[PDB]
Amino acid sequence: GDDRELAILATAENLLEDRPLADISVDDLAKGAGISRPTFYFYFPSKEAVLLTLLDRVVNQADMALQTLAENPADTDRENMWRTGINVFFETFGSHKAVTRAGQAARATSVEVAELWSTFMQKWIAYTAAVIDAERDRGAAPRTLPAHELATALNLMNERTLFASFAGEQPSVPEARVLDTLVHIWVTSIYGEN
């Protein structure tokens, strides 16, 4: 039941490391999970549904880690504050590269995946803008661009840049340089008078 469903999810995540979702059959998933094909269909309507659940788990894990960070005070310089925040996403998605990659690809073909990604991007943009606004209210950051517009561009940069790095795309920032790269761009753009 719960353990049969988890075994399907774990199998799917494992197989996605080696091949595209298109190259993975419902048969592969059932076999990996130690169940029959008809039993698989009790837990999931399709392999696409399995990917959606995997993506949902990872995105919620990132979101929850951001929430935990946000709850703490927690005495730090402004650059370190943003670095710790971006790190939540670097570590969470970077620890689930196969799911990250497959989930991004599915945005083109699945309305559910597209909606899921959109929902969480809006949430993360809103939180970013709220923190920028707080920084401005404090006198710590200058009142330059509309905070929400600035937040949107910075979050879209993170999406494209982190994911190109994880996929080893040509061009991409090396994974070992991408955190410092994004942090510099966030800090200078949020705190820079010009």
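Each residue number is its position in the shown sequence, starting from 1.
Can you tell me whether 161-169 has a higher mean C-alpha B factor than 64-72 in this record, or the other way round?
The stretch with the larger mean CA B-factor is 64-72.
Using the B-factors recorded in the PDB entry, average over the C-alpha atoms of 87-95 and of 110-118, then report which stretch comes out higher.
Looking at the recorded C-alpha B-factors, 110-118 comes out higher on average.
Compare the CA B factors listed in the entry for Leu145, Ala129, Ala30, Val58 and report the winner.
Largest recorded C-alpha B-factor: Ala30.
Which third of the chain does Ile8 land in by C-alpha B-factor: lowest, middle or highest?
Ranked within chain, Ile8 CA B lands in the middle tercile.
According to the PDB entry, is the CA B factor of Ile125 in the bottom, middle or top third of its chain, that is, lowest, middle or highest?
For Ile125, the deposited C-alpha B-factor lands in the lowest third.
Report the third (lowest, middle or highest) to which the CA temperature factor of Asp137 belongs, ranking only the modelled residues of the same chain.
Its C-alpha B-factor, which the entry lists for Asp137, ranks in the highest third among residues of this chain.
Sorting the chain's modelled residues by C-alpha B-factor, tell me whether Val50 ends up in the lowest, middle or highest third.
Answer is middle: the recorded C-alpha B-factor places it there.
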